[PDB]
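Heads up, the thing below is written out as structure tokens.
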Amino acid sequence: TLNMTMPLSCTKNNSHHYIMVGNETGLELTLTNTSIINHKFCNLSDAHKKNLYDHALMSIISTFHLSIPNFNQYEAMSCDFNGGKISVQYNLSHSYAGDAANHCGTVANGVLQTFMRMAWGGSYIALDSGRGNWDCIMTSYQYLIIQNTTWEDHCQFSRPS
Ligand SMILES: *[C@@H]1O[C@H](CO)[C@@H](O[C@@H]2O[C@H](CO)[C@@H](O)[C@H](O)[C@H]2NC(C)=O)[C@H](O)[C@H]1NC(C)=O
Ligand SMILES: *[C@@H]1O[C@H](CO)[C@@H](O[C@@H]2O[C@H](CO)[C@@H](O)[C@H](O)[C@H]2NC(C)=O)[C@H](O)[C@H]1NC(C)=O
Ligand SMILES: *[C@@H]1O[C@H](CO)[C@@H](O)[C@H](O)[C@H]1NC(C)=O
Ligand SMILES: *[C@@H]1O[C@H](CO)[C@@H](O)[C@H](O)[C@H]1NC(C)=O
């Protein structure tokens with residue numbers, strides 16, 4: 001065992017949902033005030049890391065039917081790799097209306113949107129964006145964390161690195 005055992009994803013204070021892409025593998029989406037990736041980097045230095053990254057986000061967009069509007073906006077994002085299993089952390093700026101509106105055309109916002117509409121946990125506020133069905137979602141959560149993990153382990157945070 002390397003370093004000390006990781007905290008739980010499934011907590012009384014967290015909102016979480018699991019997307020099962022593979023036969024038992026998938027993505028654990030966690031909305032938290034707990035930071036998992038402690039650096040400011042997302043180094044996709046090789047084609048494999050870039051490929052693992054695109055597959056993770058493609059999975060979320062496909063499953064949630066995210067039609068993300070082009071607002072030329074971005075979420076603060078860290079990523080790391082642990083033997084082929086990616087971790088993606090969004091430092092969400094959705095705590096205030098103005099902040100949410102400027103980080104509205106993002107995957108993280110699409111996830112927040114699904115959590116709200118599916119009632120998966122947590123309370124949110126929907127701001128009418130400029131276009132159709134897309135809402136800018138407010139949340140008090142600081143982090144959205146996405147980890148490639150198994151169903152047996154989805155309730156515990158994986159090691160980022
Ligand atoms: C998201 O916010 C956390 C918290 O501020 C950032 O983690 C910090 O990273 C710096 C390195 O630049 C460390 O010196 C701090 O100790 C970290 N703080 C904590 C609480 O872990 C994280 O880097 C941010 N991620 C992004 C993408 O901005
Ligand atoms: C992500 O990449 C950056 C830059 O590619 C890394 O920062 C480098 O770290 C080395 C330490 O060996 C130092 O020379 C500098 O801090 C950076 N070098 C250059 C050329 O930018 C960073 O450590 C990487 N982090 C992760 C998690 O992969
Ligand atoms: C997360 O932190 C924000 C700001 O500190 C706070 O308002 C919010 O209630 C916290 N949420 C949880 C679930 O701890
Ligand atoms: C998790 O990682 C494995 C290999 O590291 C990959 O085959 C699989 O597609 C990944 N799962 C998701 C949901 O990205």
Side-chain angles (χ1 to χ4, degrees), residues 6-11 13-21 25-45 49-82 84-127 129 134-149 153-161:
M6 298 291 308
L8 300 179
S9 167
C10 307
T11 321
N13 290 342
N14 290 1
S15 304
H16 56 81
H17 196 82
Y18 183 81
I19 306 174
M20 188 167 300
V21 179
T25 62
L27 302 175
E28 170 75 355
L29 279 61
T30 313
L31 286 167
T32 340
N33 278 1
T34 299
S35 182
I36 258 60
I37 306 181
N38 59 337
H39 56 79
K40 297 289 189 294
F41 294 94
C42 185
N43 291 350
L44 308 180
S45 48
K49 290 175 181 181
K50 182 77 214 316
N51 192 18
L52 291 170
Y53 174 85
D54 285 332
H55 185 50
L57 295 194
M58 275 303 103
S59 291
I60 294 174
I61 294 174
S62 296
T63 302
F64 294 166
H65 297 355
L66 298 185
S67 58
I68 308 175
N70 195 19
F71 291 164
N72 198 257
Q73 304 175 339
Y74 302 98
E75 293 282 353
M77 180 206 57
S78 285
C79 77
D80 221 331
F81 293 88
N82 189 339
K85 298 181 182 63
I86 193 181
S87 291
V88 180
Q89 182 178 307
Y90 290 112
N91 286 18
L92 302 171
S93 297
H94 291 252
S95 280
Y96 306 90
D99 277 344
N102 289 281
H103 303 275
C104 184
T106 69
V107 170
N109 185 82
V111 169
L112 296 171
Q113 198 174 229
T114 309
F115 268 77
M116 181 195 58
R117 297 181 184 176
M118 300 280 92
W120 283 347
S123 46
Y124 315 94
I125 307 181
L127 300 175
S129 77
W134 192 262
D135 292 324
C136 302
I137 283 74
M138 274 184 285
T139 184
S140 63
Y141 282 127
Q142 306 174 219
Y143 307 110
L144 166 60
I145 303 176
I146 303 157
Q147 285 188 310
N148 185 339
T149 187
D153 289 319
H154 81 277
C155 265
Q156 184 171 24
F157 281 118
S158 300
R159 197 174 297 275
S161 51

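Positions are given from 1, in the same order as the sequence printed here. Heavy atoms only: backbone and side chains are in, while hydrogens, waters and symmetry mates are out.
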If the condition is side chain to side chain contact (heavy atoms under 4.5 Å, CB included), which residues does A56 pass it with, not counting sequence neighbours? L27, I86
How many angstroms lie between atom SG of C136 and atom CD1 of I125, to the nearest 0.5 angstrom? 12.5 Å
I'd like to check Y141 versus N33 (side-chain heavy atoms, cut-off strictly below 4.5 Å). Are they in contact? yes
Short question: side chain of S129, backbone of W134 - any donor-acceptor pair under 3.5 Å? yes
For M58, side chain to side chain contact (heavy atoms under 4.5 Å, CB included) partners two or more places apart: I61
OG of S123 to CE of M138, rounded to nearest 0.5 Å, is 11.5 Å
Using side-chain contact (heavy atoms from CB on, under 4.5 Å), reason through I19 and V21 one step at a time and then give a plain yes or no. CA-CA 6 Å; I19 306 174; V21 179; 4.1 Å; yes
All side chain to side chain contact (heavy atoms under 4.5 Å, CB included) counterparts of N70, not counting sequence neighbours: none
Drop me the distance from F41's CZ to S78's OG, to the nearest 0.5 angstrom. 9.0 Å
Go through the structure and list residues passing salt bridge (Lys or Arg N to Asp or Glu O under 4.0 Å) with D54, not counting sequence neighbours. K50
Here the pair of heavy atoms bringing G84 nearest to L52 is O-CD1, 3.5 Å
Min side-chain heavy-atom separation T149-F157 under 4.5 Å: no
Enter the distance from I145:CD1 to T34:OG1 here, rounded to the nearest 0.5 Å. 7.0 Å
Residues at least two apart in sequence or cross-chain that pass side chain to side chain contact (heavy atoms under 4.5 Å, CB included) with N51, listed by chain then number, are none
Give, for atom SG of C79 and atom NZ of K49, the distance between the pair rounded to the nearest 0.5 Å. 8.5 Å
By side chain to side chain donor-acceptor pair (under 3.5 Å) - contacts of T114 (at least two apart): none
Those residues at least two apart in sequence (or on a different chain) that pass ring pair (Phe, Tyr, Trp, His ring centres under 6.0 Å) with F115 are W120
Is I36 close to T30 at the side-chain level, that is, under 4.5 Å between some pair of heavy atoms? no
Considering only heavy atoms from C-beta outward, does the side chain of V107 approach that of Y90 to under 4.5 Å? yes
Show the nearest heavy-atom pair for residues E28 and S9, with the distance to one decimal. OE2-OG, 3.0 Å
Return the CZ to OG1 distance between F71 and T106, rounded to the nearest 0.5 Å. 10.5 Å
Test item: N91 side-chain N/O and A76 main-chain N/O as donor-acceptor pair under 3.5 Å: no
Please check if the number of heavy atoms outside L8 that lie under 6.0 Å from its CG is greater than 12. yes
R117: partners by side chain to side chain donor-acceptor pair (under 3.5 Å), with sequence neighbours left out: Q113, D135
4.5 Å side-chain heavy-atom contact, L144 and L112: no
Side-chain atoms of residues 92-100: list all donor-acceptor pairs with protein atoms under 3.5 Å, sequence neighbours left out, distances to 0.1 Å.
residue	atom	partner	partner atom	Å
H94	ND1	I137	O	2.7
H94	NE2	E75	OE2	2.2
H94	NE2	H103	O	3.2
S95	OG	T139	O	3.4

Please list, chain by chain and in numerical order, all residues satisfying side chain to side chain donor-acceptor pair (under 3.5 Å) with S87, sequence neighbours excluded. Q147
Do other residues, nucleotides or ligands put more than 12 heavy atoms under 6.0 Å from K85 NZ? no
By side chain to side chain donor-acceptor pair (under 3.5 Å) - contacts of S35 (at least two apart): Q89
Is there a side-chain contact between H17 and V111 (heavy atoms, below 4.5 Å)? no
Looking at residues at least two apart in the chain, or sitting in another chain, which of them share a ring pair (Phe, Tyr, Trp, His ring centres under 6.0 Å) with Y18? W151, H154
